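Residue numbers (PDB author numbering), protein chains in the order written: chain A, 3 to 42, 56 to 104; chain A', 3 to 42, 56 to 104; chain A'', 3 to 42, 56 to 104. A prime marks a further copy of an entry chain.
Yeah, the Cβ is synthetic: ideal placement off N, Cα and C, and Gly gets one too.
Written below as structure tokens is the structure these notes are about.
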Ligand SMILES: Nc1ncnc2c1ncn2[C@@H]1O[C@H](COP(=O)(O)OP(=O)(O)O)[C@@H](O)[C@H]1O
Ligand SMILES: Nc1ncnc2c1ncn2[C@@H]1O[C@H](COP(=O)(O)OP(=O)(O)O)[C@@H](O)[C@H]1O
Ligand SMILES: Nc1ncnc2c1ncn2[C@@H]1O[C@H](COP(=O)(O)OP(=O)(O)O)[C@@H](O)[C@H]1O
Ligand SMILES: [Cl-]
């Protein structure tokens, strides 16, 4: 049984705004790490959001991209994982 | 040639206990990152353990879940990677 | 459409040297996280580099391994992701 993992790497100023999008979309949780990077090196944030459906991962990704992709640094992608143990998913 | 990657995100108080489980099971190493998150946002820890067999990844995951899943925050999952270069695996 | 994700976990002293290899090879960016670990627990660094081709991921991995694998702690691997949104890739 595959589940989906959405990653969003973006500017630290978006921590609250992106966390709200994740929770309002119905994700059961999220993990965020402090990171740094260079793109198109400075401190930024990396979100990981596990979802039971591709649709939910897409909905979160699409909302973040629609709101912030044009005005903020951002990279995002999805992959699959298995053998999930979670308290509420 | 695929190898396995076990992820365990759990409470920081379990750092030593989970590290011991990983090493006693025979993993060749582990990586741990400081993180934060929300689940079922506060600081926590994310372990990544690469293993040569699914069996070893399962054994570590099963022991952590059996010991701590009922009493501590925890999410865990497995995925595959390739092109491994490691000193001892 | 799959894209590739190269991970390199290595000693913090190599931060600049590995960042230079990544950029000189033509990657569009990279992310780096502070981590800790044990191998063959101390602070180290984890790079993640997304690439449009397996060839580019291999070229970066091969250069890092050729330069530093014999003299420094290092583990590296590759996996795939999808649903990429990036500003320049
Ligand atoms: N090819 C890549 N591999 C890994 N991480 C990347 C890559 N490209 C961008 N990133 C990450 O995403 C962040 C944002 O990138 P981007 O939106 O291109 O603008 P910026 O150059 O301001 O970082 C970077 O700081 C980096 O952390
Ligand atoms: N759907 C999810 N996606 C990403 N990370 C998650 C998810 N659910 C939980 N987590 C991570 O696992 C941690 C533990 O979650 P959980 O055991 O549900 O309880 P808690 O609410 O105390 O965090 C969270 O703090 C978060 O880091
Ligand atoms: N099996 C593994 N799973 C996850 N991370 C690992 C594993 N083996 C090594 N690592 C990571 O790579 C780093 C370097 O490992 P290695 O080169 O074997 O030497 P060291 O023992 O000096 O760390 C470790 O500190 C750890 O972060
Ligand atoms: Cl990570």
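- 6 Å CB neighbourhood of residue 76 of chain A in its chain, flanking five on each side removed: One-based indexing of the first chain puts residue 76 of chain A at position 61. Taken in chain order, the residues that qualify are 8 and 91.
- Nearest-angstrom beta carbon gap, residue 28 of chain A and residue 40 of chain A' [assumed within contact, 8 Å]: Residue numbering aside, residue 40 of chain A' sits at position 38 when the second chain is read from its first letter. Residue numbering aside, residue 28 of chain A sits at position 26 when the first chain is read from its first letter. About 13 Å; that fails the 8 Å criterion.
- Query: Which whole-angstrom value is the C-beta distance of residue 104 of chain A and residue 67 of chain A, which I expect to be below 8 Å?
  - Reply: Within the first chain, residue 104 of chain A is the residue found at index 89, counting from 1. Within the first chain, residue 67 of chain A is the residue found at index 52, counting from 1. At roughly 6 Å, the Cβ-Cβ gap stays under 8 Å, so residue 104 of chain A and residue 67 of chain A are in contact.
- Considering only C-alpha positions, which residue in the set A'':22, A'':12 and A'':11 is nearest to residue 56 of chain A? Translated into the one-based positions of the first chain, residue 56 of chain A becomes position 41. Out of A'':22, A'':12 and A'':11, A'':22 has the C-alpha closest to the C-alpha of residue 56 of chain A.
- Message: Quick check on residue 61 of chain A: buried or exposed, where buried means 16 or more other Cβ atoms within 10 Å of its Cβ?
- Response: Residue 61 of chain A sits at position 46 when you count from the first residue of the first chain. Residue burial annotation: residue 61 of chain A is buried, with at least 16 other C-beta atoms found within 10 angstroms of its C-beta.
- Query: residue 65 of chain A': which of A':86, A':33 and A':12 sits nearest, CA to CA?
  - Reply: Locating residue 65 of chain A' in the second chain gives position 50, where the first residue counts as 1. Comparing C-alpha distances from residue 65 of chain A' to each of A':86, A':33 and A':12 shows the shortest one belongs to A':33.
- Note down the Cα distance separating residue 98 of chain A'' from residue 59 of chain A, rounded to an integer number of angstroms. On the third chain, position 83 is the one that residue 98 of chain A'' refers to. On the first chain, position 44 is the one that residue 59 of chain A refers to. Taking the straight line from one Cα to the other gives about 21 Å.
- Message: Tell me which residue opens and which closes the beta strand (DSSP E) that residue 40 of chain A is part of.
- Response: In the first chain, counting from the first residue as 1, residue 40 of chain A sits at position 38. Element bounds for residue 40 of chain A: 32-40.
- Quickly, what does DSSP pair residue 58 of chain A' with across the bridge? List them, please. By 1-based counting over the second chain, the position of residue 58 of chain A' is 43. Under DSSP, residue 58 of chain A' takes part in a beta bridge, and its partners are A':38.
- Using a threshold of 8 Å, state whether the C-beta atoms of residue 17 of chain A' and residue 35 of chain A'' are closer than that. Indexing the second chain from 1 puts residue 17 of chain A' at position 15. Indexing the third chain from 1 puts residue 35 of chain A'' at position 33. Residue 17 of chain A' is not a Cβ neighbour of residue 35 of chain A'', given a cutoff of 8 Å.
- Task: List the residues of chain A' that residue 42 of chain A'' touches, going by C-beta distances under 9 Å, in chain order.
- Result: If you number the third chain from 1, residue 42 of chain A'' lands on position 40. The contacting residues are 30, 31, 101, 102, 103 and 104.
- Query: Does any heavy atom of ligand 1 sit closer than 7 Å to the C-beta of residue 103 of chain A''?
  - Reply: For the purposes of this step, residue 103 of chain A'' is taken as residue 88 along the third chain, with counting starting at 1. Yes.
- Sequence-distant residues of the same chain with beta carbon closer than 8 Å to residue 95 of chain A'', five excluded per side: Position 80 of the third chain holds residue 95 of chain A''. Excluding residues up to 5 positions away in sequence, 4, 5, 6 and 7 lie with their Cβ nearer than 8 Å to the Cβ of residue 95 of chain A'' in the same chain.
- Task: Ignore the nearest five residues each way along the sequence and tell me which others in residue 72 of chain A'''s own chain have a CB closer than 6 Å to its CB.
- Result: Counting from one through the third chain, the residue named residue 72 of chain A'' turns up at place 57. Setting aside the 5 residues that flank it on each side, residue 72 of chain A'' is surrounded in the same chain by 6, 8, 66 and 93, each with a C-beta closer than 6 Å to its C-beta; the list follows chain order.
- Would the beta-carbon of residue 15 of chain A'' fall within 8 Å of that of residue 79 of chain A''? Here the question's residue 15 of chain A'' lines up with position 13 in the third chain. Here the question's residue 79 of chain A'' lines up with position 64 in the third chain. No.
- Express the C-alpha separation of residue 69 of chain A'' and residue 100 of chain A' in angstroms, rounding to a whole number. Mapped onto the second chain, residue 100 of chain A' falls at position 85. Mapped onto the third chain, residue 69 of chain A'' falls at position 54. Each residue's alpha carbon lies about 16 Å from the other.
- Query: So, is residue 26 of chain A'' buried or exposed, given that buried needs 16 or more other C-beta atoms within 10 angstroms?
  - Reply: Residue numbering aside, residue 26 of chain A'' sits at position 24 when the third chain is read from its first letter. It is exposed - the Cβ of residue 26 of chain A'' has fewer than 16 other Cβ atoms within 10 Å.
- Extent of the continuous beta strand (DSSP E) run through residue 103 of chain A'': Sequence index remark: in the third chain, residue 103 of chain A'' carries index 88 (1-based). For residue 103 of chain A'', there is no enclosing beta strand (DSSP E), as DSSP marks it with neither H nor E.
- Taking the C-alpha atoms as reference points, what is the distance between residue 87 of chain A'' and residue 20 of chain A'? Position 72 of the third chain, counting from 1, holds the residue named residue 87 of chain A''. Position 18 of the second chain, counting from 1, holds the residue named residue 20 of chain A'. A direct Cα-Cα distance of roughly 26 Å separates residue 87 of chain A'' from residue 20 of chain A'.
- Item | Own chain residues within Cβ distance below 7 Å of residue 13 of chain A', not counting five before or after | Locating residue 13 of chain A' in the second chain gives position 11, counting from the first residue. Closer than 7 Å at the Cβ level, and outside the excluded window around residue 13 of chain A', lie 59, 87 and 88.
- Task: Would you give the residue range spanned by the alpha helix (DSSP H) that residue 71 of chain A belongs to?
- Result: Counting from one through the first chain, the residue named residue 71 of chain A turns up at place 56. First-last of the alpha helix (DSSP H) with residue 71 of chain A: 69-83.
- Message: Going by C-alpha to C-alpha distance, which of A:102, A:83 and A:24 sits closest to residue 85 of chain A'?
- Response: Position 70 of the second chain holds residue 85 of chain A'. Put simply, of A:102, A:83 and A:24 the residue whose alpha carbon is nearest the alpha carbon of residue 85 of chain A' is A:102.
- residue 11 of chain A' lies in the beta strand (DSSP E); which residues open and close that run? The sequence position of residue 11 of chain A' within the second chain is 9, counting from 1. Counting along the chain, the unbroken beta strand (DSSP E) around residue 11 of chain A' starts and ends at 5-12.
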